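Asker: Mind having a look at this structure? Questions to follow.
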Protein chains: 2
Amino acid sequence: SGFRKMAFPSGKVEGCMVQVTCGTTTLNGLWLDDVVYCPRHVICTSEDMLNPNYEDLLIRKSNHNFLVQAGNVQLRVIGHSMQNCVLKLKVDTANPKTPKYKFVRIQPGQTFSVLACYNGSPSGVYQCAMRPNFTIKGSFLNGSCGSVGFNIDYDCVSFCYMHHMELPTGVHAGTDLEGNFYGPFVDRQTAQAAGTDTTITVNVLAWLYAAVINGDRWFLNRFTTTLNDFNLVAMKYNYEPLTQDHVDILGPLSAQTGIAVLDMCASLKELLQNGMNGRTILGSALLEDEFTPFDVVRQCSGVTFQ
Amino acid sequence: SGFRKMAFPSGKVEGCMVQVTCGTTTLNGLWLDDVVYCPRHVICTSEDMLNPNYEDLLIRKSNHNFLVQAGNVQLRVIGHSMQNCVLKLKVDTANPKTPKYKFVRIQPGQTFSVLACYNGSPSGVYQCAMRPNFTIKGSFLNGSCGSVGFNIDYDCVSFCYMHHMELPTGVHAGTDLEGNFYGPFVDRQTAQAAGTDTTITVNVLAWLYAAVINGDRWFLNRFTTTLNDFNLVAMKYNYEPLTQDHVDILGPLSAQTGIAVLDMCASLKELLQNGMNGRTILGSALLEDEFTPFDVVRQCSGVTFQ
């Protein structure tokens, strides 16, 4: 019983975090085998960030311009290259703590755990979602750049996010581990801003199923809806359209609870039109959209990771 | 920027989790040096739990009745003893991954991270508080018993909770790592239930300071209050009394924001009397009480742990 925002255990990632310094900038890097991955903006001065040419800036660097520190041990940089917006520093030592891992580019609406780090040292772990507008609502202070997001599948760490910057509204932008930004953002000082966001409908529905599993049904009703009629309401409330693929994904939760997907859609429609009337669901007075269907099944069924 | 429920990095604890089996019961244990700690109810059958005499049950056990598995490796039990409600199994191997650690009994209102585990394998990490009624609102399924709660201070893991059971309302009860229950609970099947709970006032105030730090002031007002007058309202809303020691603890957040503690109390009083009027604070439509003053300072200032 119970339902909490739950992160993956972070130990496999903690053993990969290092500090990278270039000039006056220190940030975090990810050490896997004999390569350290970090944001390429580590090579920039503040003046560079107005309109940097990274190819031109990087060709001017030498290996000894990069200081990599793993705990109390300096790693010697022996090569470097740039892949999109990620810098890859080849070091003379393979990380003995490298876990099984893969790099994965996620879709909006997916969740992941973040290990927030400063000066190469982990500070905390929390759970996030990739918003529809390709930002994350993280918790990051100065020096957090290079911190990573991940999921774990059995024993395999799937890295999906590296933190690059904070946008004017206080939300965060970053890349996959191959250096491609999520969203339209660039690693340059411009007027770029988060676009209008929407609520992740399939996730709200998953969380309503979690609430039923945990023994609360107050928000259910006797109605159903068509997919098309539900999406008319969703659009009105700035919710993402619900697709047939989303309905299919919710199949297992529907089967476990005995509540047809479109019947749960009718309950969400009534919640959107009438509000929660001072009631709560799973300890929240608003509709929560940062649990995926997979997250609900994992927490309500008890999957582990060795 | 940002503010999330943030757990401590769990790697130091992951390396301590093992599986303990006695008869038909399997649960989790904590392996530190050459001792495994677990709930003593592992020795009970379901019939035993109605009215167990643990001294009488344990004297009948042999070392070979306890199966301890660390990953794929069996640890041989070479002795056992009971301390309050915790069983201590001496094993023939010291855990090479034992971190620096201490055992600490916490006060109600304090927070800690939980590493939820099943069959000795970590599943997830989340942040909890010890409620005033000495329960926790965890997320635990069958097999989670023996999972632990902890805080980290520099490099030292302070263990403060071991999970023992779920109460009828779905909340959770357990012990310190020396086997003493929090609250009046016992490791026997009885009619025991959670008492009435209250809201942790000093934590709500800390979270309002976090909101101001992150740039939101909508709920502030021009009023102040006396400590005594505030506590009259707190009692009416089922909030814990605010003590002078709590005011002192909030000193640093007050100094950083320029908002006197009793002025923040006047804002909380107005929030209790008028509600939030459809507004949110730090993404919540209710007043959050599971962040301590220390938690706020850590997340808004950026402390790490090596």
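In chain B, numbers come from Swiss-Prot; the residues present are 3264-3569, in order.
Heads up, header says this was done by X-ray crystallography, 1.3 Å.
Cβ atoms here come from the backbone N, Cα and C positions, even for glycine.
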Asker: Among B:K3275, B:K3353, B:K3499, can you tell me which residue Swiss-Prot lists with the annotation ubiquitin cross-link?
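Answerer: Annotation hit in Swiss-Prot: B:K3353.
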Asker: State the Cα to Cα distance, in Å, between B:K3353 (ubiquitin cross-link) and B:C3408 (active site, nucleophile), rounded to an integer.
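Answerer: Approximately 19 Å lies between the Cα of B:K3353 (ubiquitin cross-link) and that of B:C3408 (active site, nucleophile).
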Asker: Name the secondary structure element type, per DSSP in three states, that contains B:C3408 (active site, nucleophile).
Answerer: coil
Asker: Within 10 Å of the Cβ of B:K3268 (ubiquitin cross-link), how many other Cβ atoms can you find? Include all protein chains, please.
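Answerer: Other Cβ atoms found within 10 Å: 21.
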Asker: Using Cβ-Cβ distances, find the residues under 8 Å from B:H3304 (active site, for 3CL-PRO activity) that belong to the same chain and are at least 6 apart in sequence, listing them in sequence order.
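Answerer: Listed in sequence order, they are B:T3288, B:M3312, B:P3315, B:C3348, B:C3408, B:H3427, B:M3428, B:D3450.
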Asker: Mind pulling out which recorded positions among B:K3268, B:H3304, B:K3353 sit under 8 Å from chain A, Cβ to Cβ?
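Answerer: Listed recorded positions meeting the cut-off: B:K3268.
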Asker: Tell me the Cβ neighbour count for B:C3408 (active site, nucleophile), meaning other Cβ atoms within 10 Å of its Cβ, over all protein chains shown.
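Answerer: Within a 10 Å radius of the Cβ of B:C3408 (active site, nucleophile) lie 25 other Cβ atoms.
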Asker: Within 10 angstroms of the C-beta of B:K3353 (ubiquitin cross-link), what count of other C-beta atoms is obtained when all protein chains are considered?
Answerer: 15
Asker: For B:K3353 (ubiquitin cross-link), what is the secondary structure by DSSP, using just helix, strand and coil?
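Answerer: Where B:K3353 (ubiquitin cross-link) sits, the three-state DSSP reduction gives strand.
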